[PDB]
file run_27.pdb (PDB, N, CA and C atoms)
ATOM      1  N   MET A   1       0.841  -1.227   0.000  1.00  0.00           N
ATOM      2  CA  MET A   1       0.000   0.000   0.000  1.00  0.00           C
ATOM      3  C   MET A   1       0.862   1.258   0.000  1.00  0.00           C
ATOM      4  N   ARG A   2       1.739   1.369   0.992  1.00  0.00           N
ATOM      5  CA  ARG A   2       2.622   2.523   1.107  1.00  0.00           C
ATOM      6  C   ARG A   2       3.839   2.368   0.200  1.00  0.00           C
ATOM      7  N   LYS A   3       4.508   1.223   0.305  1.00  0.00           N
ATOM      8  CA  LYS A   3       5.690   0.950  -0.506  1.00  0.00           C
ATOM      9  C   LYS A   3       5.549  -0.381  -1.240  1.00  0.00           C
ATOM     10  N   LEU A   4       5.681  -0.337  -2.562  1.00  0.00           N
ATOM     11  CA  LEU A   4       5.568  -1.538  -3.384  1.00  0.00           C
ATOM     12  C   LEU A   4       5.914  -1.235  -4.839  1.00  0.00           C
ATOM     13  N   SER A   5       6.493  -2.217  -5.518  1.00  0.00           N
ATOM     14  CA  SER A   5       6.871  -2.063  -6.920  1.00  0.00           C
ATOM     15  C   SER A   5       5.639  -1.864  -7.790  1.00  0.00           C
ATOM     16  N   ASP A   6       5.803  -1.135  -8.891  1.00  0.00           N
ATOM     17  CA  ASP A   6       4.688  -0.892  -9.806  1.00  0.00           C
ATOM     18  C   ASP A   6       4.191  -2.213 -10.375  1.00  0.00           C
ATOM     19  N   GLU A   7       5.105  -3.167 -10.519  1.00  0.00           N
ATOM     20  CA  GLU A   7       4.753  -4.477 -11.044  1.00  0.00           C
ATOM     21  C   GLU A   7       3.808  -5.194 -10.094  1.00  0.00           C
ATOM     22  N   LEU A   8       4.070  -5.060  -8.799  1.00  0.00           N
ATOM     23  CA  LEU A   8       3.229  -5.684  -7.786  1.00  0.00           C
ATOM     24  C   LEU A   8       1.987  -4.844  -7.531  1.00  0.00           C
ATOM     25  N   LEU A   9       2.167  -3.527  -7.503  1.00  0.00           N
ATOM     26  CA  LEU A   9       1.053  -2.614  -7.290  1.00  0.00           C
ATOM     27  C   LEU A   9       0.055  -2.749  -8.428  1.00  0.00           C
ATOM     28  N   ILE A  10       0.580  -2.835  -9.643  1.00  0.00           N
ATOM     29  CA  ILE A  10      -0.257  -2.989 -10.814  1.00  0.00           C
ATOM     30  C   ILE A  10      -0.794  -4.412 -10.881  1.00  0.00           C
ATOM     31  N   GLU A  11       0.018  -5.360 -10.430  1.00  0.00           N
ATOM     32  CA  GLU A  11      -0.387  -6.756 -10.405  1.00  0.00           C
ATOM     33  C   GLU A  11      -1.584  -6.930  -9.480  1.00  0.00           C
ATOM     34  N   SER A  12      -1.682  -6.068  -8.469  1.00  0.00           N
ATOM     35  CA  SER A  12      -2.795  -6.124  -7.534  1.00  0.00           C
ATOM     36  C   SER A  12      -4.053  -5.611  -8.215  1.00  0.00           C
ATOM     37  N   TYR A  13      -3.920  -4.478  -8.898  1.00  0.00           N
ATOM     38  CA  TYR A  13      -5.039  -3.891  -9.619  1.00  0.00           C
ATOM     39  C   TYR A  13      -5.488  -4.827 -10.731  1.00  0.00           C
ATOM     40  N   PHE A  14      -4.511  -5.437 -11.396  1.00  0.00           N
ATOM     41  CA  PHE A  14      -4.787  -6.366 -12.485  1.00  0.00           C
ATOM     42  C   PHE A  14      -5.392  -7.658 -11.942  1.00  0.00           C
ATOM     43  N   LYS A  15      -4.771  -8.200 -10.900  1.00  0.00           N
ATOM     44  CA  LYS A  15      -5.248  -9.427 -10.277  1.00  0.00           C
ATOM     45  C   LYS A  15      -6.653  -9.234  -9.722  1.00  0.00           C
ATOM     46  N   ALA A  16      -6.860  -8.108  -9.050  1.00  0.00           N
ATOM     47  CA  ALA A  16      -8.153  -7.798  -8.455  1.00  0.00           C
ATOM     48  C   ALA A  16      -9.255  -7.729  -9.503  1.00  0.00           C
ATOM     49  N   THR A  17      -8.930  -7.200 -10.676  1.00  0.00           N
ATOM     50  CA  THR A  17      -9.911  -7.091 -11.746  1.00  0.00           C
ATOM     51  C   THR A  17     -10.286  -8.473 -12.273  1.00  0.00           C
ATOM     52  N   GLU A  18      -9.324  -9.391 -12.244  1.00  0.00           N
ATOM     53  CA  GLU A  18      -9.550 -10.752 -12.719  1.00  0.00           C
ATOM     54  C   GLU A  18     -10.368 -11.564 -11.718  1.00  0.00           C
ATOM     55  N   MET A  19     -10.021 -11.447 -10.445  1.00  0.00           N
ATOM     56  CA  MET A  19     -10.712 -12.176  -9.390  1.00  0.00           C
ATOM     57  C   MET A  19     -11.975 -11.449  -8.917  1.00  0.00           C
ATOM     58  N   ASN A  20     -12.105 -10.173  -9.280  1.00  0.00           N
ATOM     59  CA  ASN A  20     -13.254  -9.359  -8.876  1.00  0.00           C
ATOM     60  C   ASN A  20     -13.117  -8.945  -7.415  1.00  0.00           C
ATOM     61  N   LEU A  21     -11.884  -8.640  -7.017  1.00  0.00           N
ATOM     62  CA  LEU A  21     -11.586  -8.226  -5.650  1.00  0.00           C
ATOM     63  C   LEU A  21     -12.405  -6.990  -5.274  1.00  0.00           C
ATOM     64  N   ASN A  22     -12.623  -6.791  -3.971  1.00  0.00           N
ATOM     65  CA  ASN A  22     -13.399  -5.650  -3.467  1.00  0.00           C
ATOM     66  C   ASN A  22     -13.047  -4.345  -4.190  1.00  0.00           C
ATOM     67  N   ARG A  23     -14.072  -3.555  -4.494  1.00  0.00           N
ATOM     68  CA  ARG A  23     -13.888  -2.287  -5.192  1.00  0.00           C
ATOM     69  C   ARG A  23     -12.958  -1.355  -4.426  1.00  0.00           C
ATOM     70  N   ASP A  24     -12.937  -1.492  -3.106  1.00  0.00           N
ATOM     71  CA  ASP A  24     -12.089  -0.647  -2.277  1.00  0.00           C
ATOM     72  C   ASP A  24     -10.613  -0.897  -2.571  1.00  0.00           C
ATOM     73  N   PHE A  25     -10.261  -2.156  -2.793  1.00  0.00           N
ATOM     74  CA  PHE A  25      -8.886  -2.515  -3.103  1.00  0.00           C
ATOM     75  C   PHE A  25      -8.563  -2.092  -4.525  1.00  0.00           C
ATOM     76  N   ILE A  26      -9.511  -2.336  -5.422  1.00  0.00           N
ATOM     77  CA  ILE A  26      -9.361  -1.967  -6.820  1.00  0.00           C
ATOM     78  C   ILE A  26      -9.179  -0.456  -6.944  1.00  0.00           C
ATOM     79  N   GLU A  27      -9.980   0.290  -6.192  1.00  0.00           N
ATOM     80  CA  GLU A  27      -9.901   1.743  -6.210  1.00  0.00           C
ATOM     81  C   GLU A  27      -8.674   2.214  -5.441  1.00  0.00           C
ATOM     82  N   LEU A  28      -8.341   1.486  -4.383  1.00  0.00           N
ATOM     83  CA  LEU A  28      -7.184   1.813  -3.562  1.00  0.00           C
ATOM     84  C   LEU A  28      -5.903   1.645  -4.375  1.00  0.00           C
ATOM     85  N   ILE A  29      -5.792   0.518  -5.066  1.00  0.00           N
ATOM     86  CA  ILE A  29      -4.624   0.249  -5.888  1.00  0.00           C
ATOM     87  C   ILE A  29      -4.590   1.204  -7.076  1.00  0.00           C
ATOM     88  N   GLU A  30      -5.771   1.588  -7.551  1.00  0.00           N
ATOM     89  CA  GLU A  30      -5.879   2.511  -8.672  1.00  0.00           C
ATOM     90  C   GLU A  30      -5.597   3.937  -8.212  1.00  0.00           C
ATOM     91  N   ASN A  31      -5.979   4.235  -6.974  1.00  0.00           N
ATOM     92  CA  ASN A  31      -5.769   5.561  -6.403  1.00  0.00           C
ATOM     93  C   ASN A  31      -4.284   5.839  -6.197  1.00  0.00           C
ATOM     94  N   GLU A  32      -3.516   4.784  -5.948  1.00  0.00           N
ATOM     95  CA  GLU A  32      -2.078   4.924  -5.751  1.00  0.00           C
ATOM     96  C   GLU A  32      -1.392   5.035  -7.102  1.00  0.00           C
ATOM     97  N   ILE A  33      -1.796   4.165  -8.017  1.00  0.00           N
ATOM     98  CA  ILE A  33      -1.258   4.163  -9.366  1.00  0.00           C
ATOM     99  C   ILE A  33      -1.634   5.464 -10.072  1.00  0.00           C
ATOM    100  N   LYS A  34      -2.798   6.006  -9.722  1.00  0.00           N
ATOM    101  CA  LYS A  34      -3.267   7.251 -10.313  1.00  0.00           C
ATOM    102  C   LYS A  34      -2.423   8.420  -9.820  1.00  0.00           C
ATOM    103  N   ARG A  35      -2.214   8.482  -8.508  1.00  0.00           N
ATOM    104  CA  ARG A  35      -1.405   9.538  -7.917  1.00  0.00           C
ATOM    105  C   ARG A  35       0.067   9.362  -8.291  1.00  0.00           C
ATOM    106  N   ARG A  36       0.448   8.128  -8.632  1.00  0.00           N
ATOM    107  CA  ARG A  36       1.821   7.821  -9.012  1.00  0.00           C
ATOM    108  C   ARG A  36       2.092   8.133 -10.490  1.00  0.00           C
ATOM    109  N   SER A  37       1.124   8.744 -11.179  1.00  0.00           N
ATOM    110  CA  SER A  37       1.293   9.074 -12.590  1.00  0.00           C
ATOM    111  C   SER A  37       1.512   7.807 -13.411  1.00  0.00           C
ATOM    112  N   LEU A  38       0.864   6.728 -12.988  1.00  0.00           N
ATOM    113  CA  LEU A  38       0.982   5.443 -13.664  1.00  0.00           C
ATOM    114  C   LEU A  38      -0.393   4.931 -14.098  1.00  0.00           C
ATOM    115  N   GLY A  39      -1.331   5.858 -14.309  1.00  0.00           N
ATOM    116  CA  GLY A  39      -2.671   5.484 -14.731  1.00  0.00           C
ATOM    117  C   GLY A  39      -2.719   4.983 -16.164  1.00  0.00           C
ATOM    118  N   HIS A  40      -1.608   5.094 -16.886  1.00  0.00           N
ATOM    119  CA  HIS A  40      -1.557   4.616 -18.258  1.00  0.00           C
ATOM    120  C   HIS A  40      -1.283   3.112 -18.269  1.00  0.00           C
ATOM    121  N   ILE A  41      -0.534   2.653 -17.265  1.00  0.00           N
ATOM    122  CA  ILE A  41      -0.208   1.243 -17.132  1.00  0.00           C
ATOM    123  C   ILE A  41      -1.489   0.421 -16.965  1.00  0.00           C
ATOM    124  N   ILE A  42      -2.466   1.024 -16.294  1.00  0.00           N
ATOM    125  CA  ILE A  42      -3.753   0.388 -16.048  1.00  0.00           C
ATOM    126  C   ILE A  42      -4.659   0.518 -17.265  1.00  0.00           C
ATOM    127  N   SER A  43      -5.738  -0.257 -17.287  1.00  0.00           N
ATOM    128  CA  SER A  43      -6.684  -0.208 -18.395  1.00  0.00           C
ATOM    129  C   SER A  43      -7.664   0.949 -18.196  1.00  0.00           C
ATOM    130  N   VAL A  44      -7.117   2.156 -18.100  1.00  0.00           N
ATOM    131  CA  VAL A  44      -7.917   3.352 -17.890  1.00  0.00           C
ATOM    132  C   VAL A  44      -7.677   4.374 -18.993  1.00  0.00           C
ATOM    133  N   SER A  45      -8.608   5.309 -19.143  1.00  0.00           N
ATOM    134  CA  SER A  45      -8.484   6.348 -20.156  1.00  0.00           C
ATOM    135  C   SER A  45      -8.169   7.690 -19.508  1.00  0.00           C
ATOM    136  N   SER A  46      -6.881   7.968 -19.342  1.00  0.00           N
ATOM    137  CA  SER A  46      -6.439   9.219 -18.736  1.00  0.00           C
ATOM    138  C   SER A  46      -6.309  10.318 -19.787  1.00  0.00           C
TER     139      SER A  46
END

call {"tool": "encode", "arguments": {"input": "run_27.pdb", "output": "structure tokens"}}
result
Amino acid sequence: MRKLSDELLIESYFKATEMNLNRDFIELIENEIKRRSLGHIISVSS
């Protein structure tokens, strides 16, 4: 959450989308990736 590689952080967002993990985690992982200027790595339209 606080410290983690983009590969793992993104792997969480990616994994969560596949398993249908809680929206809070999906949004949480996306909220970090979003603030990290890595919203392009995700399947989002920035």

call {"tool": "residues_around", "arguments": {"input": "run_27.pdb", "residues": "range 31-36 of chain A", "least_positions_apart": "5", "cutoff": "8 Å", "atoms": "only N, CA and C atoms", "output": "VMD selection string"}}
result
chain A and resid 1 6 9 to 10 25 to 26 41 to 42

call {"tool": "select_by_dssp", "arguments": {"input": "run_27.pdb", "residues": "chain A", "states": "helix (DSSP H, G or I)", "output": "number ranges by chain"}}
result
A: 6-19, 23-35

call {"tool": "write_last_selection", "arguments": {"input": "run_27.pdb", "atoms": "N, CA and C atoms", "output": "PDB file, in the coordinates of the input"}}
result
ATOM      1  N   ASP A   6       5.803  -1.135  -8.891  1.00  0.00           N
ATOM      2  CA  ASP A   6       4.688  -0.892  -9.806  1.00  0.00           C
ATOM      3  C   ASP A   6       4.191  -2.213 -10.375  1.00  0.00           C
ATOM      4  N   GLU A   7       5.105  -3.167 -10.519  1.00  0.00           N
ATOM      5  CA  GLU A   7       4.753  -4.477 -11.044  1.00  0.00           C
ATOM      6  C   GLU A   7       3.808  -5.194 -10.094  1.00  0.00           C
ATOM      7  N   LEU A   8       4.070  -5.060  -8.799  1.00  0.00           N
ATOM      8  CA  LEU A   8       3.229  -5.684  -7.786  1.00  0.00           C
ATOM      9  C   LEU A   8       1.987  -4.844  -7.531  1.00  0.00           C
ATOM     10  N   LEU A   9       2.167  -3.527  -7.503  1.00  0.00           N
ATOM     11  CA  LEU A   9       1.053  -2.614  -7.290  1.00  0.00           C
ATOM     12  C   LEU A   9       0.055  -2.749  -8.428  1.00  0.00           C
ATOM     13  N   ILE A  10       0.580  -2.835  -9.643  1.00  0.00           N
ATOM     14  CA  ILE A  10      -0.257  -2.989 -10.814  1.00  0.00           C
ATOM     15  C   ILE A  10      -0.794  -4.412 -10.881  1.00  0.00           C
ATOM     16  N   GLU A  11       0.018  -5.360 -10.430  1.00  0.00           N
ATOM     17  CA  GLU A  11      -0.387  -6.756 -10.405  1.00  0.00           C
ATOM     18  C   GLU A  11      -1.584  -6.930  -9.480  1.00  0.00           C
ATOM     19  N   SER A  12      -1.682  -6.068  -8.469  1.00  0.00           N
ATOM     20  CA  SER A  12      -2.795  -6.124  -7.534  1.00  0.00           C
ATOM     21  C   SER A  12      -4.053  -5.611  -8.215  1.00  0.00           C
ATOM     22  N   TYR A  13      -3.920  -4.478  -8.898  1.00  0.00           N
ATOM     23  CA  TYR A  13      -5.039  -3.891  -9.619  1.00  0.00           C
ATOM     24  C   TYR A  13      -5.488  -4.827 -10.731  1.00  0.00           C
ATOM     25  N   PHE A  14      -4.511  -5.437 -11.396  1.00  0.00           N
ATOM     26  CA  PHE A  14      -4.787  -6.366 -12.485  1.00  0.00           C
ATOM     27  C   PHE A  14      -5.392  -7.658 -11.942  1.00  0.00           C
ATOM     28  N   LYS A  15      -4.771  -8.200 -10.900  1.00  0.00           N
ATOM     29  CA  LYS A  15      -5.248  -9.427 -10.277  1.00  0.00           C
ATOM     30  C   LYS A  15      -6.653  -9.234  -9.722  1.00  0.00           C
ATOM     31  N   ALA A  16      -6.860  -8.108  -9.050  1.00  0.00           N
ATOM     32  CA  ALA A  16      -8.153  -7.798  -8.455  1.00  0.00           C
ATOM     33  C   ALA A  16      -9.255  -7.729  -9.503  1.00  0.00           C
ATOM     34  N   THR A  17      -8.930  -7.200 -10.676  1.00  0.00           N
ATOM     35  CA  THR A  17      -9.911  -7.091 -11.746  1.00  0.00           C
ATOM     36  C   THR A  17     -10.286  -8.473 -12.273  1.00  0.00           C
ATOM     37  N   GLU A  18      -9.324  -9.391 -12.244  1.00  0.00           N
ATOM     38  CA  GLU A  18      -9.550 -10.752 -12.719  1.00  0.00           C
ATOM     39  C   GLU A  18     -10.368 -11.564 -11.718  1.00  0.00           C
ATOM     40  N   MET A  19     -10.021 -11.447 -10.445  1.00  0.00           N
ATOM     41  CA  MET A  19     -10.712 -12.176  -9.390  1.00  0.00           C
ATOM     42  C   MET A  19     -11.975 -11.449  -8.917  1.00  0.00           C
ATOM     43  N   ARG A  23     -14.072  -3.555  -4.494  1.00  0.00           N
ATOM     44  CA  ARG A  23     -13.888  -2.287  -5.192  1.00  0.00           C
ATOM     45  C   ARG A  23     -12.958  -1.355  -4.426  1.00  0.00           C
ATOM     46  N   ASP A  24     -12.937  -1.492  -3.106  1.00  0.00           N
ATOM     47  CA  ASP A  24     -12.089  -0.647  -2.277  1.00  0.00           C
ATOM     48  C   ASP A  24     -10.613  -0.897  -2.571  1.00  0.00           C
ATOM     49  N   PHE A  25     -10.261  -2.156  -2.793  1.00  0.00           N
ATOM     50  CA  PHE A  25      -8.886  -2.515  -3.103  1.00  0.00           C
ATOM     51  C   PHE A  25      -8.563  -2.092  -4.525  1.00  0.00           C
ATOM     52  N   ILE A  26      -9.511  -2.336  -5.422  1.00  0.00           N
ATOM     53  CA  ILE A  26      -9.361  -1.967  -6.820  1.00  0.00           C
ATOM     54  C   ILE A  26      -9.179  -0.456  -6.944  1.00  0.00           C
ATOM     55  N   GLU A  27      -9.980   0.290  -6.192  1.00  0.00           N
ATOM     56  CA  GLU A  27      -9.901   1.743  -6.210  1.00  0.00           C
ATOM     57  C   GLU A  27      -8.674   2.214  -5.441  1.00  0.00           C
ATOM     58  N   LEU A  28      -8.341   1.486  -4.383  1.00  0.00           N
ATOM     59  CA  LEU A  28      -7.184   1.813  -3.562  1.00  0.00           C
ATOM     60  C   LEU A  28      -5.903   1.645  -4.375  1.00  0.00           C
ATOM     61  N   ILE A  29      -5.792   0.518  -5.066  1.00  0.00           N
ATOM     62  CA  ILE A  29      -4.624   0.249  -5.888  1.00  0.00           C
ATOM     63  C   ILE A  29      -4.590   1.204  -7.076  1.00  0.00           C
ATOM     64  N   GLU A  30      -5.771   1.588  -7.551  1.00  0.00           N
ATOM     65  CA  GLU A  30      -5.879   2.511  -8.672  1.00  0.00           C
ATOM     66  C   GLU A  30      -5.597   3.937  -8.212  1.00  0.00           C
ATOM     67  N   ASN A  31      -5.979   4.235  -6.974  1.00  0.00           N
ATOM     68  CA  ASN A  31      -5.769   5.561  -6.403  1.00  0.00           C
ATOM     69  C   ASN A  31      -4.284   5.839  -6.197  1.00  0.00           C
ATOM     70  N   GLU A  32      -3.516   4.784  -5.948  1.00  0.00           N
ATOM     71  CA  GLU A  32      -2.078   4.924  -5.751  1.00  0.00           C
ATOM     72  C   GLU A  32      -1.392   5.035  -7.102  1.00  0.00           C
ATOM     73  N   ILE A  33      -1.796   4.165  -8.017  1.00  0.00           N
ATOM     74  CA  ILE A  33      -1.258   4.163  -9.366  1.00  0.00           C
ATOM     75  C   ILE A  33      -1.634   5.464 -10.072  1.00  0.00           C
ATOM     76  N   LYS A  34      -2.798   6.006  -9.722  1.00  0.00           N
ATOM     77  CA  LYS A  34      -3.267   7.251 -10.313  1.00  0.00           C
ATOM     78  C   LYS A  34      -2.423   8.420  -9.820  1.00  0.00           C
ATOM     79  N   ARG A  35      -2.214   8.482  -8.508  1.00  0.00           N
ATOM     80  CA  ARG A  35      -1.405   9.538  -7.917  1.00  0.00           C
ATOM     81  C   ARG A  35       0.067   9.362  -8.291  1.00  0.00           C
TER      82      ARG A  35
END

call {"tool": "closest_residue", "arguments": {"input": "run_27.pdb", "among": "A:28, A:44, A:4, A:38", "to": "residue 16 in chain A", "atoms": "only C-alpha atoms"}}
result
A:28

call {"tool": "atom_distance", "arguments": {"input": "run_27.pdb", "atom1": "atom C of residue 7 in chain A", "atom2": "CA of residue 29 in chain A"}}
result
10.9 Å

call {"tool": "atom_distance", "arguments": {"input": "run_27.pdb", "atom1": "CA of residue 12 in chain A", "atom2": "CA of residue 37 in chain A"}}
result
16.5 Å

call {"tool": "atom_distance", "arguments": {"input": "run_27.pdb", "atom1": "atom N of residue 18 in chain A", "atom2": "atom C of residue 46 in chain A"}}
result
21.3 Å

call {"tool": "axis_aligned_box", "arguments": {"input": "run_27.pdb", "around": "range 4-7 of chain A", "padding_each_side": "8 Å", "output": "JSON"}}
result
{"center_x": 5.3, "center_y": -2.8, "center_z": -6.8, "size_x": 19.1, "size_y": 20.9, "size_z": 24.5}

call {"tool": "decode", "arguments": {"input": "run_27.pdb", "residues": "range 13-30 of chain A", "atoms": "N, CA and C atoms", "output": "short mmCIF file (atom, residue, chain, number, x, y, z; two decimals), in the first residue's frame"}}
result
data_model
loop_
_atom_site.label_atom_id
_atom_site.label_comp_id
_atom_site.auth_asym_id
_atom_site.auth_seq_id
_atom_site.Cartn_x
_atom_site.Cartn_y
_atom_site.Cartn_z
N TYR A 13 -3.92 -4.48 -8.90
CA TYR A 13 -5.04 -3.89 -9.62
C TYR A 13 -5.49 -4.83 -10.73
N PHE A 14 -4.51 -5.44 -11.40
CA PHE A 14 -4.79 -6.37 -12.49
C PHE A 14 -5.39 -7.66 -11.94
N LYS A 15 -4.77 -8.20 -10.90
CA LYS A 15 -5.25 -9.43 -10.28
C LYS A 15 -6.65 -9.23 -9.72
N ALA A 16 -6.86 -8.11 -9.05
CA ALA A 16 -8.15 -7.80 -8.45
C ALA A 16 -9.25 -7.73 -9.50
N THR A 17 -8.93 -7.20 -10.68
CA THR A 17 -9.91 -7.09 -11.75
C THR A 17 -10.29 -8.47 -12.27
N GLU A 18 -9.32 -9.39 -12.24
CA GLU A 18 -9.55 -10.75 -12.72
C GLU A 18 -10.37 -11.56 -11.72
N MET A 19 -10.02 -11.45 -10.45
CA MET A 19 -10.71 -12.18 -9.39
C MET A 19 -11.98 -11.45 -8.92
N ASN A 20 -12.10 -10.17 -9.28
CA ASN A 20 -13.25 -9.36 -8.88
C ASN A 20 -13.12 -8.94 -7.42
N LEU A 21 -11.88 -8.64 -7.02
CA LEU A 21 -11.59 -8.23 -5.65
C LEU A 21 -12.40 -6.99 -5.27
N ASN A 22 -12.62 -6.79 -3.97
CA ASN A 22 -13.40 -5.65 -3.47
C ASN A 22 -13.05 -4.35 -4.19
N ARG A 23 -14.07 -3.56 -4.49
CA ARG A 23 -13.89 -2.29 -5.19
C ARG A 23 -12.96 -1.35 -4.43
N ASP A 24 -12.94 -1.49 -3.11
CA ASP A 24 -12.09 -0.65 -2.28
C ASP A 24 -10.61 -0.90 -2.57
N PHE A 25 -10.26 -2.16 -2.79
CA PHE A 25 -8.89 -2.51 -3.10
C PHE A 25 -8.56 -2.09 -4.52
N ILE A 26 -9.51 -2.34 -5.42
CA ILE A 26 -9.36 -1.97 -6.82
C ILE A 26 -9.18 -0.46 -6.94
N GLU A 27 -9.98 0.29 -6.19
CA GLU A 27 -9.90 1.74 -6.21
C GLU A 27 -8.67 2.21 -5.44
N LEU A 28 -8.34 1.49 -4.38
CA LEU A 28 -7.18 1.81 -3.56
C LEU A 28 -5.90 1.65 -4.37
N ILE A 29 -5.79 0.52 -5.07
CA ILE A 29 -4.62 0.25 -5.89
C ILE A 29 -4.59 1.20 -7.08
N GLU A 30 -5.77 1.59 -7.55
CA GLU A 30 -5.88 2.51 -8.67
C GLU A 30 -5.60 3.94 -8.21
#
